[PDB]
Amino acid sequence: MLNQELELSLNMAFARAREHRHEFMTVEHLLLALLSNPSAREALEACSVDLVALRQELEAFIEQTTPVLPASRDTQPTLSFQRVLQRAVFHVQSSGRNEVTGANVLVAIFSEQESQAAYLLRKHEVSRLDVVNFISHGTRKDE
């Protein structure tokens, strides 16, 4: 049911997009907003990822690839974005849990193969398993 922390993040990404009159709120918008999500930040820190760089990369990517709306139709979620969020909701429900966290959403991002977000995560050597191990079992740090 999306814990309150996630809602904030989802709202944050959405505002980020509208604020720049972006035609689309993308998966990359989602990830950047997740960097400030405790549940999501913790998993990434546990995976030893340079959050300074990642933020730079995502922000640079969003600016250069996201179409802007003409001064002359509001911001819209990409189909990729919708799948990620729906994937997280489903898995939480199907695994018998009450709330969806940022970490669960983060996990679901790895399923969007052609997303820049999945690519950037792999570039920082973070796989889906690494995040899953940290969430379920001990603070299983990458090392």
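All residue numbers are counted from 1 along the displayed sequence. Take the two forms, find the largest set of C-alpha atoms that superpose within 1.5 Å, and that set is the rigid core.
- In terms of root mean square C-alpha deviation after superposing on the rigid core in 7 other deposited structures of this protein, the stretch standing farther out between 96-104 and 38-46 is 96-104.
- Put simply, when the other structures in 7 other deposited structures of this protein are lined up on the rigid core, the C-alpha atoms of 131-139 lie farther off than those of the other stretch, from 8-16 and 131-139.
- Set 43-51 against 105-113 and average the Cα temperature factors; 43-51 ends up higher.
- For the two regions 131-139 and 19-27, the entry's Cα B-factors average higher over 131-139.
- The entry lists a Cα temperature factor for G96 that places it in the lowest third of the chain's modelled residues.
- Among the modelled residues of the chain, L10 sits in the middle third by CA temperature factor in this PDB entry.
- In this PDB entry, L69 carries a Cα temperature factor that places it within the highest third of its chain's modelled residues.
- Sort the chain's modelled residues by C-alpha temperature factor and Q86 lands in the middle third, per the entry.
- Annotation for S36: C-alpha temperature factor in the middle third relative to the rest of the modelled chain, per the entry.
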